[PDB]
Amino acid sequence: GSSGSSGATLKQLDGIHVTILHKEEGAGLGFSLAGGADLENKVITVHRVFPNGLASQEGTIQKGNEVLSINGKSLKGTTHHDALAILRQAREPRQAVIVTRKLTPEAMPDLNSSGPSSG
């Protein structure tokens, strides 16, 4: 393994964006977990993102997204329930930490094109 080394000519290290949700104790995140170990999707994903919630509000946790961890708890192969529950526990607090990557729905578009430069 390894971790960093020295100041490189980069900024946006990796395509991970932490989402800090600010809610009340037992207010709910606004989204649900999907997938499991016993399922076809080992990695749990965002099942759905309620229309009236925090997750949606942020816009970070979008259905289909990849849920690496929740509340700092990484999925070591948790089932569907063990996950759902764990998710129901991450909602107990007022804040929740979910690590997800920027994924696309279908046929990822080209977020770039021959253009000008800046600096």
# chains A, B, ... in the order shown; residues from 1 in each chain; ligands from 1
>>> residues_around(residues="segment 28-32 of chain A", least_positions_apart="5", cutoff="8 Å", atoms="only C-alpha atoms", output="count of residues only")
20
>>> residues_around(residues="segment 104-109 of chain A", least_positions_apart="6", cutoff="12 Å", atoms="only C-alpha atoms", output="PyMOL selection string")
chain A and resi 62-66
>>> closest_atom_pairs(of="segment 25-70 of chain A", to="segment 97-102 of chain A", cutoff="6 Å", atoms="only C-alpha atoms", output="tab-separated table")
residue	atom	partner	partner_atom	distance
A:66	CA	A:100	CA	5.2
A:67	CA	A:100	CA	5.2
A:68	CA	A:99	CA	5.6
A:69	CA	A:99	CA	5.6
A:70	CA	A:98	CA	4.6
>>> select_by_dssp(residues="chain A", states="alpha helix (DSSP H)", output="PyMOL selection string")
chain A and resi 54-58+80-89
>>> write_last_selection(atoms="N, CA and C atoms", output="mmCIF file, in the first residue's frame")
data_model
loop_
_atom_site.group_PDB
_atom_site.id
_atom_site.type_symbol
_atom_site.label_atom_id
_atom_site.label_comp_id
_atom_site.auth_asym_id
_atom_site.auth_seq_id
_atom_site.Cartn_x
_atom_site.Cartn_y
_atom_site.Cartn_z
ATOM 1 N N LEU A 54 -32.581 15.271 2.613
ATOM 2 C CA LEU A 54 -31.333 16.015 2.650
ATOM 3 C C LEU A 54 -30.424 15.534 1.518
ATOM 4 N N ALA A 55 -30.333 14.218 1.394
ATOM 5 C CA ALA A 55 -29.505 13.619 0.361
ATOM 6 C C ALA A 55 -29.769 14.323 -0.971
ATOM 7 N N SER A 56 -31.041 14.369 -1.338
ATOM 8 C CA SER A 56 -31.439 15.007 -2.581
ATOM 9 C C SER A 56 -31.040 16.483 -2.561
ATOM 10 N N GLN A 57 -31.347 17.132 -1.448
ATOM 11 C CA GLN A 57 -31.028 18.541 -1.290
ATOM 12 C C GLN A 57 -29.592 18.814 -1.742
ATOM 13 N N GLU A 58 -28.672 18.047 -1.175
ATOM 14 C CA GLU A 58 -27.265 18.194 -1.509
ATOM 15 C C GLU A 58 -27.049 17.969 -3.006
ATOM 16 N N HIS A 80 -27.643 -6.951 2.686
ATOM 17 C CA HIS A 80 -28.607 -5.921 2.338
ATOM 18 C C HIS A 80 -29.192 -5.312 3.614
ATOM 19 N N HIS A 81 -29.545 -6.190 4.542
ATOM 20 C CA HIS A 81 -30.115 -5.754 5.806
ATOM 21 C C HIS A 81 -29.037 -5.068 6.646
ATOM 22 N N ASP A 82 -28.037 -5.852 7.024
ATOM 23 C CA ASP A 82 -26.942 -5.334 7.827
ATOM 24 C C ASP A 82 -26.589 -3.924 7.350
ATOM 25 N N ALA A 83 -26.800 -3.698 6.061
ATOM 26 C CA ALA A 83 -26.509 -2.403 5.471
ATOM 27 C C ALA A 83 -27.658 -1.439 5.777
ATOM 28 N N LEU A 84 -28.859 -1.867 5.419
ATOM 29 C CA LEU A 84 -30.041 -1.055 5.649
ATOM 30 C C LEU A 84 -30.052 -0.576 7.103
ATOM 31 N N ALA A 85 -29.827 -1.519 8.005
ATOM 32 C CA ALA A 85 -29.807 -1.209 9.424
ATOM 33 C C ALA A 85 -28.713 -0.175 9.700
ATOM 34 N N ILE A 86 -27.494 -0.536 9.325
ATOM 35 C CA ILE A 86 -26.357 0.345 9.526
ATOM 36 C C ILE A 86 -26.713 1.749 9.035
ATOM 37 N N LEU A 87 -27.495 1.788 7.966
ATOM 38 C CA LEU A 87 -27.914 3.054 7.390
ATOM 39 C C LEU A 87 -28.916 3.729 8.327
ATOM 40 N N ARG A 88 -29.731 2.902 8.966
ATOM 41 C CA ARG A 88 -30.734 3.403 9.889
ATOM 42 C C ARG A 88 -30.071 3.902 11.175
ATOM 43 N N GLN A 89 -28.809 3.530 11.335
ATOM 44 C CA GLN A 89 -28.054 3.931 12.509
ATOM 45 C C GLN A 89 -27.287 5.225 12.232
#
>>> atom_distance(atom1="atom CA of residue 27 of chain A", atom2="atom CA of residue 77 of chain A")
26.8 Å
>>> atom_distance(atom1="atom CA of residue 78 of chain A", atom2="atom CA of residue 36 of chain A")
6.3 Å
>>> atom_distance(atom1="atom CA of residue 18 of chain A", atom2="atom CA of residue 37 of chain A")
23.5 Å
>>> select_by_dssp(residues="chain A", states="strand (DSSP E)", output="ChimeraX atom specification")
/A:16-22,31-34,45-49,69-70,73-74,95-101
